[PDB]
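Below: the structure, in structure tokens.
By written order: A, B, C, D and E. Residues from 1 in each chain.
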Amino acid sequence: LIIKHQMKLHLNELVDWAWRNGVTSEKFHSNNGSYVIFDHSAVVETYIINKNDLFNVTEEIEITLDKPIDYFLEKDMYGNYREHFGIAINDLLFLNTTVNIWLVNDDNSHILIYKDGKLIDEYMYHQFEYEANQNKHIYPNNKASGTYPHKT
Amino acid sequence: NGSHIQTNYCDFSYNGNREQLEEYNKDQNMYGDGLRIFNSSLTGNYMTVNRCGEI
Amino acid sequence: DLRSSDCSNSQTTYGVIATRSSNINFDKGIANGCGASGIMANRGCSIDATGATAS
Amino acid sequence: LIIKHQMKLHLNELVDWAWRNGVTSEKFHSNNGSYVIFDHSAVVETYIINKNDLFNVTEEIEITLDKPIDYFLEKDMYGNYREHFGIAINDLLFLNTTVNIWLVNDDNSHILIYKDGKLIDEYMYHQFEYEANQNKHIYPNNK
Amino acid sequence: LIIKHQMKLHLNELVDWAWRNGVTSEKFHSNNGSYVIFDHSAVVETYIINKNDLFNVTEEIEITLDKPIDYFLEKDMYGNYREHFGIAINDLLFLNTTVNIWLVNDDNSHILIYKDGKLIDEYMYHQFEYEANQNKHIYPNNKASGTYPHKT
């Protein structure tokens, strides 16, 4: 169960993500045409990069029982709701009692991943990911934060 | 790799997952596809390609 | 078909140009820093650049 | 606020749902190619509908603080989760500390409807950006 | 102890009952002349079936100690009353203390089935079934919900 996740990151977030998920050599372009070049997992050359510049990066999050999940919500068969941070699903002491497990997406939106004793397949997960936060209005805000740097 | 395939009046049917996937559901694992051609020239008419799992 | 290409930093003249009634699929390409306009379509040609980036 | 949920119902559940939420004339299909036809809210035709056949139906639910909700879940600021049945959102005794409210969708799915004192449509979900104006600065060129 | 139970079911209830109690092939007629045909336990042909159409079906409910009972009420020898859902009479931990057991019929009407340590025979059960809800007035309501479908 591997899920593509495309996001836009500032320079600090992009550098952090690149160093955590090792990149040997790659050039990342930004919203405003600035670029940063990683060579041998070390920053080498950066163009004129202003604040609020957005870089597009796609990361794969894979949801499996054995690997840890950053934030999930578990419902016992008795009716108790608990939340667990950064532990695998199998790491629960008594997985026998657990009925449902929902991933949490930092938007306070729950996506069902574990029901009826088995993981949710990829396509039902896509359906639930669309379905969880339908009426999510994002604030519209645009600032150019740049101008053609050279004298032309 | 530039092969040329001449297959007239032939049948390429059921080559894939068609026997299992659900009907009227666009979001499911479609696998397997008959008569795949990359960078190649094919000249075949009156064929019959029914019920392939994918393209 | 340049589905996700990176054609940029041209020292002079347009980074990506299609002309004389041709077609290009620059679906998510990148054309930044070119010496002239990054993407150009001239003389009755078509270009698709939905996710593209010129800057 | 309109919430759209897709569900899978057998023939009996499909008939009950269709007659409960009036449908005049339309054809429902299933996985195995079987179909049922409603015409003027009457089951005119059925075509080889075996058991364990799932008809996929989309359902529209209007969500509003005054209108009662069949089954929802509320989360306070501290972390306590509770569930309520047949109670409007405004009816809750303690809305002061209620931070989030999801709607349990009978599939064990969860749909956010209430976030930080407002319905989810009214909330605006501010992004993040460092505060700064345009650079508007001329830089040297390396060419 | 097998009890016939004749009832009138809508289309959804009839389909559910037919699929639970497997019917290989049979045609069910309705109140208003519409019919549904099951062939190989699959719905094949349905006439013009309106809402509120009533189909007559008779189902056998058998009351035995070993098989589960959906809803019954048990009185201990001490004087405690308890209710059990969907378990057999023998499934009680201490059947020794139990004095009386009454079936419940969704009308809040109790019928004695277990007294003096033994099941109630069929004829006494019929007597108690008549006797339990004598003055039960049902709301009279009639709507035709149909008209000769064809142009004639």
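Criterion: contacts are C-beta pairs under 8 Å (C-beta built on N, C-alpha and C of every residue); 3 or more make two chains touch, one makes a residue touch a chain.
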item: Chain centroid nearest the full-protein CA centroid; value: D
item: Maximum inter-chain contact count - chain pair; value: A-D
item: Averaged-CA centre spacing for the pair chain D and chain A, given as whole angstrom; value: 23
item: Centre-of-Cα separation between chain C and chain B, whole angstrom; value: 34
item: Rounded Å distance between chain B and chain D, as computed from the means of their C-alpha atoms; value: 38
item: Every chain pair meeting the contact rule; value: A-B, A-C, A-D, B-D, D-E
item: Residues of chain B touching chain A in the complex; value: 27-29
item: Contacting residues of chain E [partner chain D, same complex]; value: 11-13, 15-16, 19, 36, 41-46, 48-51
item: Chain D residues within the chain B interface of the complex; value: 29-33, 56
item: Touching residues (chain side chain A, partner chain B) in the complex; value: 122-123, 126-127
item: Interfacial residue positions of chain B with respect to chain D in the complex; value: 22-25
